Every structure is written in C-alpha cells, then in structure tokens.
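So you can see what is in the structure, the chains are spelled out below.
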Amino acid sequence: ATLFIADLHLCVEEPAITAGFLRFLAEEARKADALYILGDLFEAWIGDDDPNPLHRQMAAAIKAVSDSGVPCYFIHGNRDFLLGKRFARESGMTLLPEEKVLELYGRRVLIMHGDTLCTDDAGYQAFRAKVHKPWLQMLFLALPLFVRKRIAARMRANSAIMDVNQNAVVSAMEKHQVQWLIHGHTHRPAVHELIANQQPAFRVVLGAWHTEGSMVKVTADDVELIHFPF
Ligand SMILES: CN(c1ccccc1C(=O)Nc1ccc(S(=O)(=O)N2CCN(c3cccc(C(F)(F)F)c3)CC2)cc1)S(C)(=O)=O
Ligand SMILES: [Mn+2]
Ligand SMILES: [Mn+2]
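Residues numbered from 1 in each chain as written, not as in the entry; some residues may be left out. Chains lettered and ligands numbered in written order. Heavy atoms only, no water.

Method of determination, as given in the entry header: X-ray crystallography; reported resolution: 1.90 Å.

Novice: Tell me what's going on with the sheet that holds strand 3 (residues 72-75), and back it up with residues and numbers.
Specialist: Taken in spatial order, the 6 strands of this open sheet run 4-3-2-1-10-11, and their pairing is mixed. Edge positions in the open sheet fall to strand 4 (93-95) and strand 11 (223-229), since each of these has one partner strand only. Across the sheet, the mean angle from the axis of one strand to that of its neighbour is 25°, orientation sign disregarded. In this sheet, strand 10 (residues 212-218) lies alongside strand 1 (residues 2-5) in antiparallel orientation, the contact comprising 3 bridges. Bridge pairing links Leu3 to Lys217 in strand 10. (Pairing = 2+ DSSP bridges. Helix = DSSP H or I, 4+ residues; strand = E, 2+ residues; numbered from the N terminus. Axes fitted to C-alpha atoms, helices over the stretch in contact; angles between N-to-C directions.)

Novice: Hey, could you go over the site of ligand 1 for me, with residue numbers and the actual values?
Specialist: Residues in close proximity to ligand 1 total 18 residues, the closest being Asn78, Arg79, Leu136, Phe140 and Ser159. Within the side chain of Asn78, one N or O atom sits 2.7 Å away from an oxygen atom of ligand 1. One of the side-chain N or O atoms of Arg79 is found 3.0 Å from an oxygen atom in ligand 1. Coverage of ligand 1 by the protein amounts to 88% of the 800 Å² it exposes when considered alone. Looking at the shell around ligand 1, the elements with two or more residues in it are helix 4 (122-131), helix 5 (134-142) and helix 6 (145-158). Looking at side-chain class alone, the shell around ligand 1 contains 12 nonpolar, 4 polar and 2 charged residues. (Near = heavy atom within 4 Å. Polar contact = N/O pair within 3.5 Å; in protein donor to acceptor, adjacent residues only side chain to side chain. Areas by Shrake-Rupley, 256 points an atom, 1.4 Å probe, with all protein chains shown as cover. Nonpolar A, V, L, I, M, F, W, Y, C, P; charged D, E, K, R; others polar.)

Novice: Can you break down the sheet that holds strand 6 (residues 107-111) residue by residue, with the values?
Specialist: With respect to topology, 5 strands assemble into an open sheet ordered 5-6-7-9-8, the strand pairing being mixed. Lying at the two open borders of the sheet, with one neighbouring strand each, are strand 5 (100-104) and strand 8 (190-196). Each neighbouring strand pair of the sheet contributes to a mean axis angle of 25°, computed without reference to strand direction. As defined by bridge partners, strand 5 adjoins strand 6 across 5 bridges and the pair is classed as antiparallel. Note on strand 6: the bridge partner recorded for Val101 is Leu110.

Take a look at the structure:
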C-alpha cells in the first residue's frame, strides 16, 4: 500500500500533531511501499538552515522511514515552498515537481498540493508567482535568520482558504489523462466524483491535521480516504 498525507502544518506549539506524526511514521509508514507528503508538512519554512529543533527531530524521524526501505517523497505546499535539497538530504526525502503522475497497482493517479488549482484567488496566485522565482528565493535565503523570521511574522498575520476552480481541476486531469487526483491545500477532506476525459473520475482531498490525521491509502483493491486518531 502507498500512503499520502498533507497539511500537517507542524509547529512547536501544536504538540498533538507532532506526536501524532511521529506515531504515524513509526507504525503506518514503516509498513507501506512508499510515503508521499503532498505539501504543508510545516506551518512555515524560512530556509533549510533554520536551527528550529523541531526540524532536526522531524528530519531524523522521516529519514528513519526511508532508511528502513520505505521511500519518502515530498511535493511543496504554499507554506513550505522554500524546503530545499539540504533538508531533503537531512530527512531522506525526494523532492517532486508541482504535479506528478504515479502508476500504482495498475492505476494512474495525479498528485499535487492543490494550490495551483485555486486559480480564482487573485491575491494568492500573484503572491505565488513572485515567491516561486528562483532569483528572489536566493535573495531571501541570503538574509540573516532573524530578518527572515521578522518578515515571516508579518506575512502570516497578514494571511479561510479558497477552494479549487473546477476548470483547473478538469484541465489538470485531462492534461495528464487521469481518472484519479489526490491533493490537499483546501483543508476540506472528501472524495468527490466528477467527469474528466468524458469518463467518471475521482478527486480525493486530504484533511489538515489537528486533533486527528488523515491519509489516502492506495492498494490494488482500493483507494481509501482514512481519518485516524492520535
Ligand atoms: C493560502 N495562503 C495564502 C493566501 C494569500 C496570500 C498568501 C498565502 C500564503 O500562503 N502565505 C504565506 C505562506 C508562507 C509563509 S512563511 O512560511 O511564513 N514564509 C514567509 C516568508 N517567505 C518569503 C517572503 C518574501 C519572499 C520570499 C522568497 F520568495 F524570496 F523566498 C519568501 C517564505 C515563506 C507566510 C505566508 S494562506 C491563507 O494559507 O496564508
Ligand atoms: Mn495547508
Ligand atoms: Mn496549502
């Protein structure tokens, strides 16, 4: 079975999520064929050099999973788009592109964070357009940690998540010719039915973690959205 999670928003002052993720890693993920983390693993990311002890501990925990024989893959979310190759090495994760098609037990499944589907949110898409320019990322990362942190305090006070655009959903699923899509971002967990490629299709939406978690579990038999206790 292949597992998908997203929208953990890990944060020092949300210890229930930290504990729940550590358990998931030790119990569920160790038994999987593969683990995919579809963005917003962290509440915020200002660079791989951040000395936050949470990052040390979470990297070692994820790396224990891939070091055990279970590959771990990451797609960036809007919160953690700066997570880079240094932290990918620390955590034993492979970084994926924005959109990726998997072939799982016969079935072709598109995965993404989901923010690129929220095409009606003008402010968000403008924000996203700038902060994804490599040259600008390199300048922000060159700033001192304490400056990066003050900037990030503003930007989060300043920032209710707009839901996906249906034309964007269908366009992505027809571009990749898939009948299955898994994403997060919107924090509205559900299995939706729709039409893509003039056939039945499914859009499976992960939930954010707070007092419990969610995963999608993919087997040859089934695609299941599972909501599970800490
Ligand atoms: C859907 N979200 C939004 C909606 C509208 C507008 C923005 C967002 C959004 O994701 N905001 C948001 C995302 C991440 C963060 S952060 O992790 O604290 N941090 C903030 C500092 N960032 C940064 C700022 C300028 C240039 C560059 C650079 F590029 F130079 F590195 C990077 C790096 C990321 C802070 C704010 S929401 C409601 O969750 O906040
Ligand atoms: Mn999220
Ligand atoms: Mn998001």
